[PDB]
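Trainee: Provided herewith is a single structure, encoded as structure tokens, for subsequent inquiry.
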Amino acid sequence: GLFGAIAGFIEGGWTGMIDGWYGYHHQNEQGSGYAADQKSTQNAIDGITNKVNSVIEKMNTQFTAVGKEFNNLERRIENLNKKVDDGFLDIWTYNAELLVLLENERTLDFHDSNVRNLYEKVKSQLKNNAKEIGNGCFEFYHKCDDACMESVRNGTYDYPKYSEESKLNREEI
Amino acid sequence: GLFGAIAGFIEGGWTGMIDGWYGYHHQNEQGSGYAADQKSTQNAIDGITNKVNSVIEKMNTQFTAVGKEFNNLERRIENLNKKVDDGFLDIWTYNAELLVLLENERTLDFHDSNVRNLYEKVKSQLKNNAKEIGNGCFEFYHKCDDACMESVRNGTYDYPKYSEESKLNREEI
Amino acid sequence: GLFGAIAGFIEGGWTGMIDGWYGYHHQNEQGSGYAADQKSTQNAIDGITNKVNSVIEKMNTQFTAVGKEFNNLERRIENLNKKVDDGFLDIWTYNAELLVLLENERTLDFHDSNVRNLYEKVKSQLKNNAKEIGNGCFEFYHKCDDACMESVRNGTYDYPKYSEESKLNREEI
Amino acid sequence: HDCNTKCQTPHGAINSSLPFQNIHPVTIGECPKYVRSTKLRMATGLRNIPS
Amino acid sequence: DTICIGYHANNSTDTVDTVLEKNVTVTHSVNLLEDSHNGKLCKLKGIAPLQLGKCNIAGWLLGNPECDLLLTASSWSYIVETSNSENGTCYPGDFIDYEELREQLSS
Ligand SMILES: *[C@@H]1O[C@H](CO)[C@@H](O[C@@H]2O[C@H](CO)[C@@H](O)[C@H](O)[C@H]2NC(C)=O)[C@H](O)[C@H]1NC(C)=O
Ligand SMILES: *[C@@H]1O[C@H](CO)[C@@H](O[C@@H]2O[C@H](CO)[C@@H](O)[C@H](O)[C@H]2NC(C)=O)[C@H](O)[C@H]1NC(C)=O
Ligand SMILES: *[C@@H]1O[C@H](CO)[C@@H](O)[C@H](O)[C@H]1NC(C)=O
């Protein structure tokens, strides 16, 4: 992971999560579960969709191309013609393969990067109210519930509304 | 934003700032304003300049190319010639367009990335003496003035010279 | 540095370190030195090896290509043939050079990025037990020794085992 | 055969809208671009890490 | 009390290649390369090809006596010759500009 998240500080995938590519895990006393992130996932969806389509548009589909015949006094021009056929075939084969190599790296990067963005966007919301407990996990300095879990995934978690509670909790360390 | 800064944790642009691509906002009691960052901006300027020129150098300018005539017993070779003309035209059209797609993504990334670098380079200067107040903003734990504002943009802000003041300020929270 | 580490917050190289591309510096009372990181370095080694080989495989080696002769009533087809020779030569020259430009940027990025990953992976291990003393350096809130230095480079440093000691140390600031 | 295609090759007909094909350089109709490749798979998802 | 950020995963066995590493397993992927076919010679826009079978263009156009089955052909989507297309010029000789003619026939 060029962005250190995937196959990095967040070691694993969640075969549990099946909603989408990026998501949170939560365990409030009320219970556990998975909830994939709409905004990010839909973005990644949209983008990567655009990426495949953009690459494919650059490929005009091939029209009728049948080979040419030549008689035995036309060896030079039959060879010229093979040179062209082989020359273009090398170029398209090289372009196709090289593109797919390079762009596969970019795509995986993209996903790694989106994940890091997510994490850090949460981290900048919580701060004191929770601590970095490793592998993309926060631990709440205060008690929180399922409806509250939806404030996080909302991008609207109210840091003041629990800053009091978390303060006197954190300060017992 | 692959680097989460632009269109990310720093939501907007500053039609106010017209000095350069990257810059700070400040409001000391003495007054408000904008000041673009030389070092970064000039770098980005330089680099992106190099990028356009490098791409364009790779294009040898086209020299005289006029088509060829053929008589009605030369249909094979007239078709060979069209195949070459069309073949090269596909390749250059694909190269041109594909490059510009891909490199536009890289360029925007670059800008996003420079901005994040800037922010974090400041953040590593301030630490305690100020707090992460969101959307690329710091809030000073101590009072500071216009000439002091120039210490920040200087990359020379003296963390010790205000660490005392900020300490007893921060500790009142 | 697109990732802000190299030629960035970590200004310089270590002509001292000769074990590998990425490594730590340490000075415990027992003495100073350099120790390159296996896991990262070997990864970068492996990857960049794959990168060179992958690029080179995409190049089928050139087989016998000798030019063609033509008589003085064959100027059109001699010109067709030159057009093909020149056309393919432009394309391969452009591909070769353009690739190397673009991929050189990616490679350097890669190295910058690996370094940042390393730093941050350490930082997430230490936290309180040490402070960000600039240019990719930590300062231990507790005393530590050569065998302990190997816990860091191990990726297994025991944060609890010194959290006590560091606590009462840090709290004297 | 009594059979319908938008793309014919000496080996047989293709019925696909992928950009590339490695069946035959000789084509009639609207076909994918012939290439020498054996595999052309583009990632869309991310690295699959089950453990 | 906790929350975590994580990424999808599944039972896929799709592998792709990348600059940095070969044979990477991935959650999702499209295949760009078509490699299956009919096995068969079909109609194009509903018109059948002309099967020259054991004749070749010369035999067909000149009317080589072995090519009577073709006498009736008058429209086609494309022309097929076969490894057995040898009945053409039954009386020995050159067919001048034979390849141009074949190229002409092509449209
Ligand atoms: C290619 O073959 C497939 C079937 O093998 C066809 O795919 C079908 O798509 C049509 C039109 O969108 C649907 O109504 C069918 O139900 C699909 N088939 C199946 C089995 O799901 C396609 O029509 C074929 N095209 C050609 C030109 O032969
Ligand atoms: C791609 O990865 C797969 C799965 O990890 C590998 O599958 C193995 O292939 C070997 C060698 O042919 C088999 O004998 C093993 O039984 C397979 N192992 C597993 C875990 O499925 C495969 O090695 C890789 N392919 C290449 C070309 O490297
Ligand atoms: C993969 O997932 C599908 C359902 O999404 C399942 O039915 C299929 O059998 C699975 N394959 C494997 C190998 O687990």
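We number chain E the way Swiss-Prot does; in order, the residues shown are 18-124.
Even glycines carry a Cβ here, placed using N, Cα and C.
Sharing the feature lines straight out of Swiss-Prot:
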DISULFID  E:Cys72-E:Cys84  disulfide bond
CARBOHYD  E:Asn27  N-linked glycosylation site
CARBOHYD  E:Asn28  N-linked glycosylation site
CARBOHYD  E:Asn40  N-linked glycosylation site
CARBOHYD  E:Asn104  N-linked glycosylation site
Trainee: Are there any residues at least 6 positions away along the chain from E:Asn40 (N-linked glycosylation site) with a Cβ closer than 8 Å to its Cβ? List them or say none.
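Mentor: Result: E:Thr32, E:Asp34.
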Trainee: I'd like to verify something. Among the recorded positions E:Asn27, E:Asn28, E:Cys72, E:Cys84, which ones have a C-beta closer than 6 angstroms to some atom of ligand 3?
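Mentor: With ligand 3 as the reference and 6 Å as the Cβ limit, the list reads E:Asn28.
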Trainee: Taking Cα atoms as reference points, which of the glycosylation sites E:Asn27, E:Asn28, E:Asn104 is nearest to E:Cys84 (disulfide bond)?
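Mentor: The smallest Cα gap between E:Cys84 (disulfide bond) and any of the glycosylation sites is with E:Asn104.
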Trainee: Which residue, out of the disulfide-bonded residues E:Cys72, E:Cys84, shows the minimum number of other Cβ atoms inside 10 Å of its Cβ in this structure?
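Mentor: Counting other Cβ atoms within 10 Å of each of the disulfide-bonded residues E:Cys72, E:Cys84, the minimum falls on E:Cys84.
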Trainee: Fill in the CA-CA distance, E:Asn104 (N-linked glycosylation site) to E:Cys72 (disulfide bond), as an integer in Å.
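Mentor: So the alpha carbons of E:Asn104 (N-linked glycosylation site) and E:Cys72 (disulfide bond) sit roughly 4 Å from each other.
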Trainee: For a Cβ distance below 6 Å to any atom of ligand 2, name the recorded positions from E:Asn27, E:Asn28, E:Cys72, E:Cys84, E:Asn104 that qualify, or say none.
Mentor: none
Trainee: Please identify, from the glycosylation sites E:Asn27, E:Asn28, E:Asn104, the residue with the sparsest Cβ neighbourhood, meaning fewest other Cβ atoms within 10 angstroms.
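Mentor: The glycosylation sites E:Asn27, E:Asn28, E:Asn104 were compared, and E:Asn28 has the fewest Cβ atoms within 10 Å.
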Trainee: Where E:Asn28 (N-linked glycosylation site) and E:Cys72 (disulfide bond) are concerned, what is their Cα separation in Å, rounded?
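Mentor: On Cα coordinates alone, these residues lie 55 Å apart.
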Trainee: What recorded positions from E:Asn27, E:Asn40, E:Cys72, E:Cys84, E:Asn104 have a chain D Cβ less than 8 Å from their own Cβ?
Mentor: E:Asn27
Trainee: Go through the recorded positions E:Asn27, E:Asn40, E:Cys72, E:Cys84, E:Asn104 for me and flag any whose C-beta is under 8 angstroms from a C-beta on chain A.
Mentor: E:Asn27
Trainee: Look up E:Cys84 (disulfide bond) in the DSSP assignment and reduce it to helix, strand or coil.
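Mentor: Going by the DSSP assignment, E:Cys84 (disulfide bond) falls within a helical segment, counted as helix.
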Trainee: Would you mind pulling the DSSP three-state label for E:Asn27 (N-linked glycosylation site)?
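Mentor: For E:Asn27 (N-linked glycosylation site) - judged by DSSP and reduced to three states - the answer is coil.
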Trainee: Distance check, please: Cα of E:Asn27 (N-linked glycosylation site) against Cα of E:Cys72 (disulfide bond), rounded to an integer number of angstrom.
Mentor: 57
